[PDB]
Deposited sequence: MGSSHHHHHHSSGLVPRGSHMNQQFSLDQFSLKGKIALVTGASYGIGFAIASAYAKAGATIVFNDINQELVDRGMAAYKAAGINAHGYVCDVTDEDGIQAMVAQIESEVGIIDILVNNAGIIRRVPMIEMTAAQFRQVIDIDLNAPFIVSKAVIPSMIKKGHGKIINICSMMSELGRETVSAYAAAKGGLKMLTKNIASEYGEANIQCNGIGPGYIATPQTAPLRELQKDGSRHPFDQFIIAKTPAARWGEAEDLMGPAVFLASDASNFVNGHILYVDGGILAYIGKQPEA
């Protein structure tokens, strides 16, 4: 018989990568509010300290680790520490990422490769590191933060789009390969999200979006909790777009 308790993350541990601020912080905050214990990593101590204070201010007793997501040995060690200090990771959110804006033919091979490493290879490293324990626990969730660039291209973001497209298929592959072990791997694909770090451009976004507003990180919270919960146990290899209708809409024409 259905219960709203199917949405609850009580008793579960979630690792959200790069969750010191922004979208990762918002998803982790919502997870905590839904009942979860929060663990997170970032590239330096300063960012970790920032996230730790922000969690504390929100009433959340988070566990923060310095670790590069592209460092497999580092990640494996971090997961080992989390398991001994906190418990088994039930839910992984691959949120850590970078973006570069550079005309493709101007982009150096090193810079292209670096965006691929963090945005595509790293979610494989982290997923790889958490999956064995999820299988033994008898249930896992892996939520990959995708993008509208998992679907559509744009000048200057070639590396990013290639990575997010790859991450979309990595999601479908993990679902296919580990679905039988009761791992659900899905994507959240944010539309246009109004960040601190961001008019004709405003009119442009508003026109493209049926909802007729920018999204906010708060719009991602419900969808992210749904995918981390028992309420989505038969949702697998699926990219949940949270874009107020952008991907469905040809656009507001004159």
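Return the ranges of the deposited sequence not covered by C-alpha coordinates, sorted by sequence position. Missing CA coords at 1-23, 222-233, 290-291.
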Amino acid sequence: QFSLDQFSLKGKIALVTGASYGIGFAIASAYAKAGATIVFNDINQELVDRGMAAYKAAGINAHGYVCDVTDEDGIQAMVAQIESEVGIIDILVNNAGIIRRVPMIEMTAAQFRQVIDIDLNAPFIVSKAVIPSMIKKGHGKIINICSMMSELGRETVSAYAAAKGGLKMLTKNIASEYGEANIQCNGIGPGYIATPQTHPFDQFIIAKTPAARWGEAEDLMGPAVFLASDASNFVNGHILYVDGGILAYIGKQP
From here on, numbers count along this sequence of modelled residues.
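Selected stretch [higher average CA B-factor]: 185-193 or 204-212: Going by the record's values, the stretch with the higher mean is 204-212.
- On average, are the C-alpha B-factors higher in 231-239 or in 5-13? Mean CA B-factor is higher for 5-13.
| message | In terms of recorded Cα temperature factor, pick the maximum from 133, 150, 173, 76. | response | Largest recorded C-alpha B-factor: 76.
If you compare 167, 115, 86, 157, which has the highest Cα B-factor in the entry? By C-alpha B-factor in the record, 86 ranks first.
Q.
What third of the chain does residue 222 rank in for C-alpha temperature factor, lowest, middle or highest?
A. As the PDB entry reports it, the C-alpha B-factor of residue 222 lands in the lowest third of its chain.
Chain thirds of CA B-factor: placement of residue 141: Its C-alpha B-factor belongs to the lowest third of this chain's values.
| query | Would the CA B-factor of residue 66 place it in the lowest, middle or highest third of its chain? | reply | Highest third, going by the recorded CA B-factors of the chain.
Query raised in the report: Lowest, middle or highest third of the chain for the C-alpha temperature factor of residue 27?
Result: According to the entry, residue 27 has a C-alpha B-factor in the chain's lowest third.
Self-check item: residue 111 - which third its CA temperature factor falls in, relative to the rest of the chain
Solution: It falls in the middle third of the chain.
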